[PDB]
Amino acid sequence: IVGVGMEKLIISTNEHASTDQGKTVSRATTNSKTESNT
Amino acid sequence: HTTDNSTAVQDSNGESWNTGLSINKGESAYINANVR
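Residue numbers (full-length UniProt numbering), protein chains in the order written: chain A, 299 to 336; chain B, 359 to 394.
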């Protein structure tokens, strides 16, 4: 007579986690011209 | 009465960096055992 007894249960949560970080550098140059007539 | 015409050119450049890291909560590591 053979039986099976369970002692404890363990749960493995199939989950995916990500982490991102970044840096940015920029530089803009503008040379405007205007010819006003009145 | 006034009338003007505006002309301009805009120039710019960019540069960026990134770093990431991903993990699985179900299988986070693998174990190896040296036995005799």
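Using N, Cα and C, we set each Cβ at its ideal position, and we do this for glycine too.
Alpha-carbon spacing of residue i relative to residue j, whole angstroms
i	j	result
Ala315(A)	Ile389(B)	21 Å
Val300(A)	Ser310(A)	29 Å
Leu379(B)	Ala391(B)	27 Å
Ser374(B)	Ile381(B)	24 Å
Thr327(A)	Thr317(A)	34 Å
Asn312(A)	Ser386(B)	10 Å
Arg325(A)	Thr365(B)	20 Å
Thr322(A)	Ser330(A)	26 Å
Those residues which DSSP pairs with residue i across a bridge
i	result
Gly378(B)	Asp318(A)
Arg325(A)	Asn371(B)
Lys331(A)	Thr365(B)
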